[PDB]
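Residue numbers (UniProt numbering): 475 to 561. All residues carry an ideal CB built from backbone N, CA and C; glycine is no exception. Everything on this sheet refers to the single structure shown next.
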DNA sequence: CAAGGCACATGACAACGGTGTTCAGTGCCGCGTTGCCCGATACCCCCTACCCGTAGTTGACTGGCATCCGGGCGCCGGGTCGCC
């Protein structure tokens, strides 16, 4: 069957979740939060940049600028060795 | 031989030297924080092409199918008709 949850894949996904969440915890609180909402780690629906700029109280271009800032920071080789292997 | 008079240096005396802080103000020059501008993207419309369901088609045409055996083995249990 195809509907079976392969234990190896499920456990790898859980480990990826934990490692990624730790990596965001390395980032600043606001930066980690905004990138999380932009990619919906907390909830299955990611929020657009303007969509993030309502609960947090930032403007769509301001939140956009920090989204660019988050993507850069997670792109430095520091917080990249761990997540390269998980793909 | 002892007392009184002049040289140089001396206990303090402030005020400059030079340099380190101070609160102070104002910028200097990098991050941001936000108004635009567009650009793309979801979402209404019209058109017809094709999928899918319904309804006919009148010479006559009137009862089917091939089963199934070489288990094997025994028991249960009920039915089933003879029995006297």
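Cα-Cα, which of the options is closest to residue i?
i, options, result
"residue 534", "544, 545, 522 and 516", "522"
"residue 513", "500, 554, 561 and 494", "494"
"residue 530", "519, 542, 503 and 515", "503"
Could you check if residue i is buried or exposed, using at least 16 other CB atoms within 10 Å of its CB as the buried criterion?
i, result
"residue 482", "exposed"
"residue 489", "exposed"
"residue 480", "exposed"
"residue 508", "buried"
"residue 544", "buried"
"residue 557", "exposed"
"residue 510", "buried"
"residue 548", "buried"
What residue range does the alpha helix (DSSP H) around residue i cover?
i, result
"residue 557", "555-560"
For my contact list, residue i and residue j are in at a C-beta cut-off of 8 Å; report their separation, rounded to the angstrom.
i, j, result
"residue 527", "residue 537", "5 Å"
"residue 506", "residue 499", "6 Å"
"residue 553", "residue 485", "Between residue 485 and residue 553 the Cβ distance is about 22 Å, and since that is not below 8 Å, they are no contact."
Counting only runs of 4+ residues fully inside the UniProt region "Sigma-70 factor domain-4" (497-550), write out the alpha helix (DSSP H) ranges in chain order. 503-513, 523-526 and 534-547
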